[PDB]
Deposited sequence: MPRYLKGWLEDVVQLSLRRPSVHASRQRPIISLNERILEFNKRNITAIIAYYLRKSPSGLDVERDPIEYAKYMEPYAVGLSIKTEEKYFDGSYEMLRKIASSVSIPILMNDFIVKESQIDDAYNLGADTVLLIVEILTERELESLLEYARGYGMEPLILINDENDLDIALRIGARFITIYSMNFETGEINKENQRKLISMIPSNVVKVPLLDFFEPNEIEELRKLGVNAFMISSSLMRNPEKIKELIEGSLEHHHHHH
């Protein structure tokens, strides 16, 4: 990884030394990017329900996963420990108790964390341009693919987009986030969406969504929407979205 500052470097250092787990998965991968493409063809609104317990309305992660299973295209499960109160064991039990795709959402800096995700039952992993060099991102990209997991590449700005496309990313999440504040820059997010090629599956992160926003973003080529705060506070809004 890079050498950063602040809590993000603390997290990078935690990831560097995180021990690899002793586990094996219980079902095949269920491809998240492919399921999004299927939902698009079938005209089903594709929502990734984003779960965290803490960050820099706390919910039971199992119960949340089961609640979202009938409606969501996938689940994002935060497995970073110190700042997000994530666990590998919670990932494992979520992945063995729902049959929709699971994104392991963490700060991946080494291959053994990808091994961990596969062995715990995740269907894909997040990779973050900001914390990696291009060479590192390319090597982790190809590592994840090898398992059958098209990773979701996180971009926060145009430089990040350009690195992602330079290494052949096929699945991108547009956070447009300042990790120091947890801000999503909605203006920059729209700009970045408009720069992504049509054959890359593209997923903005939204805390809250406006009436018309989902429709407007779909008109910009968005394939799925990863929604955090609104669904944690009001999980029932996923019904409205799909129905």
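- Unmodelled regions (deposited sequence positions with no C-alpha coordinates, counted from 1) are 1, 58-61, 249-258.
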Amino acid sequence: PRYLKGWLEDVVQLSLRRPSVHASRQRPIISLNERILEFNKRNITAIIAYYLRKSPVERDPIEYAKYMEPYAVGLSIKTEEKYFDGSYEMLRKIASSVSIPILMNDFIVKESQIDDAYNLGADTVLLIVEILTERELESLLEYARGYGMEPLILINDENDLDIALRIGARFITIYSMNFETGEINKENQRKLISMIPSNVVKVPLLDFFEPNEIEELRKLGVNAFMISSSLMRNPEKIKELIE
From here on, numbers count along this sequence of modelled residues.
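- 78-86 and 91-99 differ in mean CA B-factor, and the higher of the two is recorded for 91-99.
- Per the PDB record, of the two stretches 212-220 and 185-193, 212-220 carries the greater mean B-factor over its C-alpha atoms.
- In the PDB entry, the Cα temperature factor peaks, among 45, 26, 176, 33, at 26.
- Per-chain ranking of the deposited C-alpha B factor places residue 52 in the highest third.
- When the CA B factors of the chain's modelled residues are split into thirds, the value for residue 158 lands in the highest one.
- Sort the chain's modelled residues by C-alpha temperature factor and residue 143 lands in the middle third, per the entry.
- For residue 16, the recorded CA B-factor ranks within the middle third of the chain. Only modelled residues enter the ranking.
- Ranked by C-alpha B-factor against the other modelled residues of its chain, residue 226 falls in the lowest third.
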